[PDB]
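In order of appearance the chains are A, B and C, and numbering begins at 1 in each one.
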């Protein structure tokens, strides 16, 4: 079962990236949602804990 | 992947077997299309797209 | 009978490269591996 978005404010969310110079990240005004941005040509590995 | 397909292999053939190479040979006077197709493999389901 | 249990055996295609990083500094390293194209790890094919 998924948790409701209103419970993610109780969670320690930690994103993980190998190459932040090709693909950058920020967290949004919702704790459940992150904004990614491409900066130069390449490929990047991503996960979240 | 990139894979290649000739409209008549007897006017223009590919120098392959499994036809990823993009190398071609002209065999007769004529006109042909070679279609190239770029495809990703899904690493979670094995689906080509 | 005192028990029954059930191994699922999947038999499945080709190869890919795998690494958890694809950037390296000058003077640094990264260890690369093969993995199968379905997901076959060096545990089960590497022998």
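As a working rule, contacts are C-beta pairs under 8 Å (C-beta built on N, C-alpha and C of every residue); 3 or more make two chains touch, one makes a residue touch a chain.
In terms of which chains touch, the assembly is arranged as an unbranched chain of neighbours. When C-beta pairs in contact are tallied for every pair of chains, the largest tally goes to A-C. Look at the CA centroids: the one farthest from the centroid of chain A belongs to B.
Taking the mean of the C-alpha atoms as each chain's centre, chain B and chain C sit 30 Å apart. Remark: chain A and chain C have CA centroids separated by 25 Å (rounded to whole angstrom). Remark: chain A and chain B have CA centroids separated by 39 Å (rounded to whole angstrom).
Across the assembly, chain B contributes no residue that touches 2 or more other chains. Those residues of chain A that touch chain C in the shared complex are 18-19, 21-22, 42-45. On chain C, the positions that touch chain B within their shared complex are 12-13, 16, 37-39.
Interface residues of chain C facing chain A in the complex, by the touch rule stated above, are 19-23.
Residue ranges of chain B in contact with chain C, taken from their complex: 41, 43, 46.
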